[PDB]
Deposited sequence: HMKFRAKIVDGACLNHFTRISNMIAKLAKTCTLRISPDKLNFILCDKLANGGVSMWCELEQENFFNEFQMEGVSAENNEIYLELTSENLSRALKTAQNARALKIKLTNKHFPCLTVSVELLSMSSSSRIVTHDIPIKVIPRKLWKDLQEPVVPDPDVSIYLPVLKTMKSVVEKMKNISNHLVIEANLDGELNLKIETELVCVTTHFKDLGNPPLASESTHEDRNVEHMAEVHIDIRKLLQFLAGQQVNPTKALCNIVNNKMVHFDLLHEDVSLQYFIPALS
């Protein structure tokens, strides 16, 4: 008898959650929500181009009420697959919300039901209810929903202003969908596209590197995936790190307001 029931009564929290939801709705059409006693993770392990995304929330930073029971005491977790825009559309009016309730239900079929109690001046407030269709993922499939292992990065560099990067890759994408991203321990990072009739290279410098030769570590990637990740970030993150594994993968590690986001983009072909 697995179950989940949570509530948010704090305005700032309700909005923070909503923003995070709008974000993953950008990074992936479909995602998996992992529920634990103290956390909530949004997971995308779509292997193709096997780009992965791992988002983690600390339940206590959002909910004033939180309760769940996994499949079994031993493995006290729950994995629900859902359509991202569904969760965003549900949080659509949370701007004028007094409270938010989320609860795993099974009326017509399994759903994550979200109830938004709108702000009111009387004793009776308007209520918006949304029944989000979810698919419970069986324990056997949980293995393919674990956060990717982080092989030590050849280079780990602080990322530049994301809005600026977005603009640049936005335009580069109009020229090619292949992109080379490179960086070094000297605080330099370059974005590069090369086609027969036009080449473009954007040089970022004085970026800094985290403690612990200056040849660069590079990696060829699908530009559309880099655009996706950047398009998702609504604001420049507190801590934003780019970790590259020469010719193998770029790994982004963001930490904005106690909410970490790990995006993984593998090399091409």
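Participant: So which bits of the deposited sequence did not make it into the model?
Facilitator: Deposited residues absent from the model fall in 49-50, 215-224.
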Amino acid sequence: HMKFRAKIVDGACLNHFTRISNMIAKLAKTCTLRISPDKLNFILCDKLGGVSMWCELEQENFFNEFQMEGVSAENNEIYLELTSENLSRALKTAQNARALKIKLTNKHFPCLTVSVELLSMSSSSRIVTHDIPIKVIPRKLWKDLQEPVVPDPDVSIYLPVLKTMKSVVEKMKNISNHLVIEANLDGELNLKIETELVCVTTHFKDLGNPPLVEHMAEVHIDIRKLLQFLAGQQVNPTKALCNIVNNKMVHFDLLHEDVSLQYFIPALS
From here on, numbers count along this sequence of modelled residues.
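Participant: Can you tell me which stretch has the higher mean Cα B-factor, 31-39 or 235-243?
Facilitator: 235-243 has the higher mean C-alpha B-factor.
Participant: Mean Cα B factor from the PDB record: higher for 246-254, or higher for 7-15?
Facilitator: It is 246-254 that shows the higher mean C-alpha B-factor.
Participant: Which one of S84, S167, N76, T113 shows the top CA temperature factor in the record?
Facilitator: The C-alpha B-factor peaks, among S84, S167, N76, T113, at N76.
Participant: Go through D131, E188, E117, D144 one by one and give the residue whose Cα B-factor in the PDB entry is largest.
Facilitator: By C-alpha B-factor in the record, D144 ranks first.
Participant: For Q67, does the deposited CA B-factor place it in the lowest, middle or highest third of the chain?
Facilitator: Its C-alpha B-factor belongs to the middle third of this chain's values.
Participant: When the modelled residues of the chain are sorted by Cα temperature factor, does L226 land in the lowest, middle or highest third?
Facilitator: According to the entry, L226 has a C-alpha B-factor in the chain's lowest third.
Participant: Grab the CA temperature factor for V200 from the record and place it in the lowest, middle or highest third of its chain.
Facilitator: CA B-factor rank for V200: lowest third.
Participant: Going by the CA temperature factor in the PDB record, which third of the chain does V259 belong to: lowest, middle or highest?
Facilitator: Highest third, going by the recorded CA B-factors of the chain.
Participant: Lowest, middle or highest third: where is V155 by Cα B-factor in its chain?
Facilitator: Highest third.
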